[PDB]
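The chain below stands alone, shown as structure tokens; this is the form deposited in one PDB entry.
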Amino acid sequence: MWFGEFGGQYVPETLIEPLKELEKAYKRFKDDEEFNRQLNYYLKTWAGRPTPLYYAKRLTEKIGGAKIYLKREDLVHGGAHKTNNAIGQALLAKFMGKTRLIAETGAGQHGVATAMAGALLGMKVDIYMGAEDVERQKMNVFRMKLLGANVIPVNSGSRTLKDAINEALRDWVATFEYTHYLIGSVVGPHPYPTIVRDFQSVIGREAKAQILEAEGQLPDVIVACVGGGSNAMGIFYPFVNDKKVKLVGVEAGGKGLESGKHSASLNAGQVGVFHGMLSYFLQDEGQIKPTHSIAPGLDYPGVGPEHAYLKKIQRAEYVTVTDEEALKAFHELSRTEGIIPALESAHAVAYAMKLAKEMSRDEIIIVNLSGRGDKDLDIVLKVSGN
């Protein structure tokens, strides 16, 4: 439930029952033979795992520093690592006898992944989405609709991701007997930060074997972008006990840290309690403060408790990258390696490039390439221009 001081279950008593039931089911199924057979089979045949680990030789040579490898989560079905979590939890839901999935989304990407897994497993899917986000993510909303899901605009509060999570929890209180709340990152009340991390850990287990195969040793650094923290947790977690492996999380610096238009909770936020967890949040009077990133998956005012924990014990370092740096990295990866990254992933690429220049040519960086940039084309067209 806790990662040091961070985590917990700060919810009304009406959620205690659904959360206890989910904990019990997960403890039962997580190591179950049949559950893991089916999950692996879907991950393989439907999602396309394993993803490759790709040596970005041109990019490495251009920078003239450490070797840069990309863990190619951009190749998973759906175009992002979120699918690994959507399948794991949807399958758990199905083993729990649930017939409906609900989920929040802000960028839309989780909503799509949820819709895809619910279509796969024959479940009803309802997606809560703040109205400001719906307006800004018309194509992802359309994807969710083609996939058979219903999108429910949330008009309360600030009409964004924080408010969609709050509305989804209210729904789950009334519907948990047949509904599973499929949370999209390593956030929320226990057992969600644990479960989502466990479903994303496949990324690091694969990357560890692949890098051993490619280079005969562990990497010197692993770099991942941090919104809520699930792609980073998925790649970090199997290297947590390999003490020589540096772990770097990259937050959204937005228009700059001193601009106030960023989303860097670990860098600039303060301890707080929302959405059932004690973690770092960006807040003013204890209110959640508006956040921004050019990468819409990075725009959440909190961060997962397990990251707060790794930061506190100094197991992992957390840095920031601006919108402009990320954008430059997005263009550079496209032109240099023929890989169009998600703007989220482009944050991690931008930090890696900086980092590589300072290291020696026999050192190794693995970047988690959390998604592909098709979803971002409209935004990049508007901001970069034609």
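Numbers follow the displayed sequence, beginning with 1. Superpose the two forms; the largest set of C-alphas matching within 1.5 Å is the rigid core.
Below, we turn to the form deposited in another entry, even though it does not appear here.
Subject >> Core-fitted Cα difference of 2 Å or more between the shown form and the other one, single residue among 299, 206, 74, 133 >> reply: Residue with a C-alpha shift of 2 Å or more: 133.
Original post:
After the core is overlaid between the shown form and the other one, has the C-alpha of residue 162 moved by 2 angstroms or more?
Top reply: Yes, its C-alpha moves 2 Å or more.
**OP:** Once the core is aligned, please say if the CA of residue 238 is shifted by at least 2 angstroms between the shown form and the other one.
**Re:** Residue 238 C-alpha, core-superposed: shift of less than 2 Å.
**OP:** Determine whether the C-alpha of residue 119 shifts by 2 Å or more between the shown form and the other one once the rigid core is superposed.
**Re:** The answer is no, as the C-alpha of residue 119 shifts between the shown form and the other one by less than 2 Å after core alignment.
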